[PDB]
Amino acid sequence: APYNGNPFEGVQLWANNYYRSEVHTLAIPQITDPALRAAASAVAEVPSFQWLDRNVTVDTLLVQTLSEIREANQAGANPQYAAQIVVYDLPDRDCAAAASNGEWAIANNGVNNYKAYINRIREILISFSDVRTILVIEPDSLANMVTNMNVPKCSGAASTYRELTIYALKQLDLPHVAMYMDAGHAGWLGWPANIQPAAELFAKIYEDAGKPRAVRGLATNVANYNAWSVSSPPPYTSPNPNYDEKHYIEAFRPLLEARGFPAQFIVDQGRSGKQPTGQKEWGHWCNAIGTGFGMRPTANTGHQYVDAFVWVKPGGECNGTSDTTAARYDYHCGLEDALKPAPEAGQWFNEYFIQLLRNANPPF
Ligand SMILES: CO[C@H]1O[C@H](CO)[C@@H](S[C@@H]2O[C@H](CO)[C@@H](S[C@@H]3O[C@H](CO)[C@@H](S[C@@H]4O[C@H](CO)[C@@H](S[C@@H]5O[C@H](CO)[C@@H](O)[C@H](O)[C@H]5O)[C@H](O)[C@H]4O)[C@H](O)[C@H]3O)[C@H](O)[C@H]2O)[C@H](O)[C@H]1O
Ligand SMILES: *[C@@H]1O[C@H](CO)[C@@H](O)[C@H](O)[C@H]1NC(C)=O
Ligand SMILES: [Mg+2]
């Protein structure tokens, strides 16, 4: 069915069974304290995004989630549940990363692989047109074209990232869908030297895709820990005047809008509840200590430019291993402010889950 305006308005957000199963089968059995078990059970009911970060998730997780939401809605959910899904499988993924977990390479048929992945997602979304579906498109992709074109892999991937982003925007432009392109965070694209080039890039992509109706705007702070709005700049933000996501968005939107793209935003807060964090530097993204579950997902943001506060990266799922010998080890995950020992990226990291519960704000 079609919708008008903010896709988060007028629906509930489904809390998926993948994350609920992680909490109930992996986390809770390891927790003996009654109050922490109860808190854990409660966080399993908070609706976070489900990531299609490997191709195998399309005909498994995506289908299962949409099928379960259809079932709940046909069984009388009021208001209807909507799905929250991340598209995250560009070839030569994470071009500036020390190590990437992306499965596809441009050199090994990656373009064709990705187009087929988008095409299959389109077929599934059409099948489930009755389930309003909100997408984040490709974390850690086009933000690299703003600041990392000195990296050979990024310069070599740039035309592919652009073309395949436009392909996704057009192929997934369906009446029951909303899309938000990743736009980094205040401490990446919100620095004053980066913010106008970022606006130019995203507004051009928007133009070149034909300004598809389904595109609502941009997602920020995905998998990061930034505040929405705090009174004091955290120490690791200095000297950026855009030290939180509100500052970033309020500076970024007018630039985007003058360039043709009046973007609305969604802001990850899933690991933002404690401010400042235990990061020693802003760019320390991996398994950062001193973080908490943050404000619960809602359409009732109170801010004109923000369609929703969301939980994009699901807290407790590891960002990367701390085993320095592992094939895809990323040194960020070995830093002093990264919790250890940490398992492979995407595996449950129970100590980290417990940290997030202890520091939750609002508490569970
Ligand atoms: C005055 O301003 C001038 O001086 C300033 C001081 O030097 C600098 S500040 C400087 O800015 C630069 C950017 O211009 C950054 S570097 C920047 O850091 C980003 C993170 O904060 C990363 S994005 C990060 O990338 C990760 C891979 O490296 C991925 S991990 C990926 O995650 C997914 C999701 O969880 C997972 O499934 C995958 O398995 C994982 O691989 C992560 O998600 C991303 O968030 C960016 O790439 C990097 O360029 C410096 O920190 C900062 O100090 C001013 O720039 C200058 O104007
Ligand atoms: C991706 O998964 C689909 C099924 O959803 C499969 O048909 C396809 O072969 C997979 N892609 C690659 C490159 O293996
Ligand atoms: Mg609920």
Side-chain angles (χ1 to χ4, degrees), residues 2-3 7 16 18 49-67 69 82-95 100-145 153-154 156-183 201-202 204-219 222-223 261 263 266 312 346:
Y3 67 93
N16 71 73
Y18 181 100
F49 277 69
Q50 173 156 82
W51 293 55
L52 308 182
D53 65 322
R54 295 161 296 128
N55 185 56
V56 288
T57 66
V58 173
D59 268 294
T60 61
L61 302 186
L62 179 66
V63 174
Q64 287 156 193
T65 289
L66 294 172
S67 295
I69 293 166
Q84 290 172 107
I85 299 296
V86 188
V87 179
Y88 185 44
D89 211 9
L90 281 164
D92 282 22
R93 214 178 68 190
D94 312 287
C95 57
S100 177
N101 301 122
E103 67 196 338
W104 291 330
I106 295 174
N108 303 126
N109 210 29
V111 169
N112 288 330
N113 290 351
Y114 190 80
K115 291 183 170 186
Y117 160 91
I118 295 301
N119 294 340
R120 184 62 185 137
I121 292 166
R122 181 186 163 95
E123 288 178 340
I124 294 161
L125 298 182
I126 284 171
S127 184
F128 295 97
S129 61
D130 50 326
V131 177
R132 192 182 298 175
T133 299
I134 299 159
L135 306 180
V136 168
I137 307 296
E138 298 290 341
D140 191 33
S141 66
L142 290 171
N144 293 288
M145 277 69 266
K153 186 172 178 177
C154 294
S159 64
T160 296
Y161 282 15
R162 294 177 73 137
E163 290 166 10
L164 293 181
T165 300
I166 290 166
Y167 189 81
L169 298 183
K170 290 183 171 197
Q171 290 306 313
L172 307 179
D173 179 29
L174 304 167
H176 72 289
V177 170
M179 285 176 279
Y180 298 84
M181 287 180 281
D182 183 86
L201 174 69
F202 285 105
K204 199 173 183 300
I205 293 288
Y206 187 56
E207 263 170 31
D208 290 351
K211 306 194 177 191
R213 174 181 175 143
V215 175
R216 285 288 293 179
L218 301 174
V222 174
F261 186 12
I266 62 178
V312 190

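No hydrogens, no waters, no symmetry mates; every other heavy atom, side chains included, goes into these values. In what follows, residues are counted from 1 in the order of the sequence shown.
The closest side-chain heavy-atom distance from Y161 to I106 is not below 4.5 Å. For the pair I124/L66, a side-chain contact is recorded, criterion being any heavy-atom separation below 4.5 Å from C-beta on. Taking the side chain as every heavy atom from C-beta outward, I266 and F49 approach each other to under 4.5 Å. Residues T65 and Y18 form no side-chain contact, since every pair of their non-hydrogen atoms from C-beta on lies 4.5 Å or further apart. Within the 4.5 Å cutoff, the side chain of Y117 has no heavy atoms near those of the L90 side chain.
In this structure, the separation between CD1 on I118 and NZ on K170 is 14.0 Å, given to the nearest 0.5 Å. Rounding to the nearest 0.5 Å places CG of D208 at 5.0 Å from CD1 of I166. The distance from the CG atom of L164 to the CG atom of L142 is 10.0 Å, given to the nearest 0.5 Å. To the nearest 0.5 Å, atoms NZ (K153) and CG (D92) are separated by 5.0 Å. To the nearest 0.5 Å, the span separating CZ on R162 from OG1 on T160 amounts to 11.5 Å. To the nearest 0.5 Å, atoms CD1 (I137) and OH (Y180) are separated by 12.0 Å.
Side chain of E138 to main chain of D89: a donor-acceptor pair is present (N/O by atom type, distance under 3.5 Å, no hydrogens or angles). Judged by distance alone, with hydrogens and angles left aside, the side-chain atoms of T57 form a donor-acceptor pair with the main-chain N or O of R54 at under 3.5 Å. Using a distance-only test at 3.5 Å, with no hydrogens or angles considered, no donor-acceptor pair links the side chain of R216 to the main chain of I134. A donor-acceptor contact shorter than 3.5 Å links the side chain of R122 to the backbone of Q171.
Residues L61 and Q50 come closest through the heavy atom pair O-OE1, 3.4 Å. Across all their heavy atoms, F202 and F261 have their closest contact at O-CD2, 3.7 Å. Heavy atoms only, all atoms of each residue included: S100 and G102 are closest at OG-N, 3.0 Å. A pairwise comparison of heavy atoms in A178 and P7 identifies CB-CG, 3.5 Å as the closest pair. The two residues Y206 and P212 come nearest to each other via the heavy atoms O-CD, 4.1 Å. Across all non-hydrogen atoms, the minimal contact from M181 to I205 is SD-CG2, 3.8 Å.
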Inset, instruction - Take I69 and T133, measure what side-chain contact (heavy atoms from CB on, under 4.5 Å) needs, and give me the verdict at the end. - result: CA-CA 10 Å; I69 293 166; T133 299; over 6 Å; no

Inset, instruction - Decide side-chain contact (heavy atoms from CB on, under 4.5 Å) for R213 and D173; before the verdict, give the C-alpha distance in whole Å, the side-chain angles of both, and the deciding distance to 0.1 Å. - result: CA-CA 7 Å; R213 174 181 175 143; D173 179 29; 4.2 Å; yes

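Between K204 and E207 there is no salt bridge, since no side-chain N of the basic residue sits under 4.0 Å from a carboxylate O of the acidic one. Taking a cutoff of 4.0 Å between a charged side-chain nitrogen and a carboxylate oxygen, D59 and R120 qualify as a salt bridge.
Considering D140, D94, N101 as possible partners of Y88, the one that fulfils the side chain to side chain donor-acceptor pair (under 3.5 Å) test is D94. Each of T165, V222, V312 was checked for a side chain to side chain contact (heavy atoms under 4.5 Å, CB included) with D182, and the lone residue meeting it is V222.
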